[PDB]
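Shown below, as structure tokens, is a lone chain in the form deposited in one PDB entry; questions about how it binds or moves come after it.
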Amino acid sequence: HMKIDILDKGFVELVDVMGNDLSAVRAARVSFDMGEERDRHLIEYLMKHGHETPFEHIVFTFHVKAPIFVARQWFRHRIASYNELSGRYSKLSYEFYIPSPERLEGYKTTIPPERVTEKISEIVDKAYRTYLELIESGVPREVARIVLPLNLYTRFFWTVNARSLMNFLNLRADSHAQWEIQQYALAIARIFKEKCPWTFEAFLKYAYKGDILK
């Protein structure tokens, strides 16, 4: 399975996939034939004209490890399926996204970037210590967790078809999206390209609305 490390402790991994470029061609044609130049031209035609329903017949499942603030943005994509770790039902692990000092490149700051990174580490350590103190005193998990910060890592399974994935890439593989989710979208794109090369190349050429891919 293709797995790609993201941020300091995150990842994207492909769990499963149904279909390939030919799945869209066969759905478009409503083919009996389960047997090229013509198939690739059909994908380009569909993409250039906005005929994207055939790409709904290609489906992916990913396992993603990401901070909560990234997952909040990601879960706004309603045309998909999600199942996520629960802070009601589980004790949550001490794992936080701590930005690199390079995260602040281009910003002039009155605290050195290495000190910003330190201050973030210090406050999330204090928050986790309070979380644990509450848990260990008998406070229910679902209440104790409310002190934890948005940079806490979470994990989820995401099942999404290629049409909705292309929408995700338009929006998230783009400079207007937050840099952290851009990094995830770059990995999603790499996996999509590997699994569906003709669809992906046609997408970049004719339909992709963002400004970071190729």
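Take the two forms, find the largest set of C-alpha atoms that superpose within 1.5 Å, and that set is the rigid core. We number the residues from 1 along the sequence you see.
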*Quick one: across the other PDB entries of this protein we compared, is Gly50 left without coordinates in at least a third of them?*
no
_Other entries omitting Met166, at least a third_ = no
*Unmodelled stretch from the deposited sequence between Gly35 and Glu36, which bin: none, 1 to 3, 4 to 9, 10 or more?*
1 to 3
*For the stretches 70-78 and 104-112, which has the higher mean C-alpha B-factor as given in the deposited record?*
104-112
*Averaging the C-alpha B factors as listed in the entry, name the stretch that ends up higher: 164-172 or 46-54.*
46-54
*Going by what the PDB entry lists, where does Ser90 fall on CA B-factor within its chain: lowest, middle or highest third?*
highest
*Where the record places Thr130 (Cα B-factor, split into thirds across the chain)*: middle
*asked:* Please say which third, lowest, middle or highest, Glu118 falls into when its CA temperature factor is compared across its chain.
replied: highest
_Entry-reported Cα temperature factor of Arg145, expressed as the chain third it lands in_ = lowest
*Lowest, middle or highest third of the chain for the C-alpha temperature factor of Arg155?*
lowest
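What follows is about the form deposited in another entry, which we do not show.
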_If I align on the rigid core, exactly one of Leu92, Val124, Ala144, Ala71 should have its C-alpha move by 2 Å or more between this form and the one not shown; which residue is that?_
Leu92
*Closer or farther: C-alpha pair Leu92/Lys119 in the other entry, relative to this form, given a change of 3 Å or more*: farther
*So the Cα-Cα distance between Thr159 and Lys91 shifts by 3 Å or more in the other entry; is it shorter or longer than what we see here?*
closer
